[PDB]
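Naming follows writing order (A, B, C, D and E), and every chain is counted from residue 1.
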């Protein structure tokens, strides 16, 4: 008909005729096409799908049903390809499944459906729905899985994970990362495991970590990768700072031979999540108190206005066990530096002999003691192996180390599952405070709002980092009620008035 | 219809309506929820433009509305060295 | 849009708009001269539609306006010329822009028709007077005016 | 006993806790936006923190270029004196 | 102050501007002092030292407008048979609001949008009205 009206009609009638060729042939049978449209998408018949698209595009109200059907098909395919995974390499398989679904449907839309941006938006919505697929009355697992995927691929291991493929795998990972919609959880988890990967030297490549930081920056603005970039820069600058301290000590008038090698990793307290919750008054030994006080003097002299907060649960060392006739060398953790110093003077010690040498809570003492009882540096003098009031301890003379470099902190590099829920609670309270601030700002600014509208206003500003639930923001409202920030209006409970 | 331009120093600079509507943003300020069609004050407040610059801006308003249709070698607008680079930001903030 | 966004520049600085508004753009001896002639109002309007840099400056300092005002057939093709000028004025072409010799497009008119067309297409523009005062008095306008006002002063 | 070598980690924070240079909006310990480009020329040591009497902190390049034309502290409009 | 490019935190000025902006789209009352101060706020945002926050302002006002027409859509769609009168009331408010915001976003419209496929604020609010109010309700509105 386009050819026929080309060689039989005036130019002004080229379009109208074909319009009447459509409204009587494709529009009038929309109910026939749309009812078949669902069956076109599920079996993925590209030959029929392209013709259905180029037909329904002319009709005013034909495209949106096809868009909705494609979105539903993509969502169902994503659930089928992602919901059957069970552990093993689940963080990698989830990302690979979402990447494969996205890659299949992008080329399906581009090659077949003209590369239409409406179907691209439908694909984006379907992938947002499948990525954030959480079990009913449960917690979403997508940010944890993606963060574990990054941690698994970016760690140093001899599994053949070459460098020349990571920097292009991460560009593909950004595609699934853009659909998280819960980016606060991923940011916190990636910050924690980035701290673990950088402190212990588990990062396979510093430049690859910096590539991660820049990719997340390009994905979610600068403020997303603020703490992460400060972490990376601190770890990069720490070597130069150690080199500076290497000649600061020789530049003093009196050559103070400390007797130890110093490899301080000085870090920003406002970026790293390393928080010492209890008091835990560490009794620094005589071989380290001079070093720590002289380093404190160094910052009090060189980097003015920089308060130091020494935490001892990320630092390690090596102590010469000369009482056992040198059975190789061992790498050990700092909290039991006290535990083993009292054994230097007296062979047999107890809780009374160790309380005056440690001076902190019993929770730290019990776990640090069990860290040595199980690995058999310290044996129990009496039969009562369980923790009691006296609990006499002795150094194991008979036991000898076998491995040349004996490491007791393997337990250290294991992201225990129990701390995962602690980080989840930390994220929960962080977003609770963020929503508190958001409601205070909006309520102070506007001075009048409705119950159904205040939630929408809060979502409008809180969409940047996470998805606020309607039930949990309801609980947030009573928190402002308790803090006399808001109360229900006298005329109706729907309205709110600032006080 | 006789609007009042107030500078950052409180200097009232009452000028005619069609004179002050040459600048786009003064028209925008008088439009919207700034009309008050009561012909009482038509007050616009310039918290930033200094008086020695708003005076030159009002003189420009009069000079433009007088010489907008001449095209016969209109006299040059006298801009002092010190008024320039501060009259420029005023002529930007008050478009044209 | 993509073509201008990759910024194609002739060896003399003549961007696509400058070549579209120039009668000196060569046309080959084939049937093109019977259809495609320059300057073209439709080609200029199409270029201005697709985000062309209207105030683009070549090596001599000229812009699209400085080139179109020099049109040598200002009556027989007047409408086309007329249209082009208003198109430039409808796309933010600055009528006070000075080239490397400090010649406003009125000083480069070489024609009464283009001169009066551009005169009728201006505005009084106290911004232009202030920028001319800043340029003539050699006042250091660095970081003391908005970012756009720096290139605005650079125009004059 | 005796220690052959000791690994240590310590967190530092300013006594006056301030987060980001309000001029460039980047963090103070991060590179300024002017020096965030052309990293070959920069040695990652010129972007020193520049404090002031007003208890505000900026990148040295940011506040140095801001004081090139003006003489006022960016956030709190008072005279700027380096501390 | 003065018209020189100062540095302004975008959150503070945008929260100051949104109280006025939200009262303009729905035709509430705003004082001459506030309405005239918002022009200086927009000028300071579009000129802000060292890089202009014009694109940030446009993105945030686009986000607000799409988060405002969605609310009006949810309020109009929930009306079973009064959707015509609710749509007419909201359109009578929103057309004047869009015109007044085009007036108030004069510097953003001229010095930024025209200087650059971006859309003017008066054009953006109307184009977003059809995309988020009329197109979803196209099958419904005409049906009655």
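Going forward, contacts are C-beta pairs under 8 Å (C-beta built on N, C-alpha and C of every residue); 3 or more make two chains touch, one makes a residue touch a chain.
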Looking at the contacts, which chains touch chain C and chain D alike?
-> E
Touching both chain A and chain C: give me those chains, sorted by label.
-> D, E
If you tally the C-beta contacts for D-E and for A-D, which one comes out higher?
-> A-D
When centres are defined as mean Cα positions, the distance from chain C to chain E in whole Å is 34
Gap in Å, rounded to a whole number, between the CA centres of chain D and chain B = 42
Chain centre separation (chain B, chain E; CA means) in Å | 27
Taking each chain's centre as the mean position of its Cα atoms, how many Å separate chain A from chain E?
-> 35
Specify, in ascending order, the residues of chain B that touch 2 or more different other chains.
-> 89, 92, 95
Where chain E touches two or more other chains at once, by residue number = 1, 4, 49, 51, 111
Could you tell me which residues belong to chain C and also touch two or more other chains?
-> 143-146, 148
Which pairs of chains touch one another in this structure?
-> A-D, A-E, B-C, B-E, C-D, C-E, D-E
Chain C residues touching chain D - in the complex, by the definition given at the top | 142-144
Along chain D, where are the residues that touch chain C in the complex?
-> 65, 68-69
Interfacial residue positions of chain E with respect to chain D in the complex | 1, 4, 6-7, 9, 49-51
Give every residue of chain C touching chain E within the complex, in rising order.
-> 1, 51, 92, 143-148
If you look only at chain D, which of its residues touch chain E in the complex?
-> 22-24, 33-34, 62, 65-66, 70, 74-75, 77
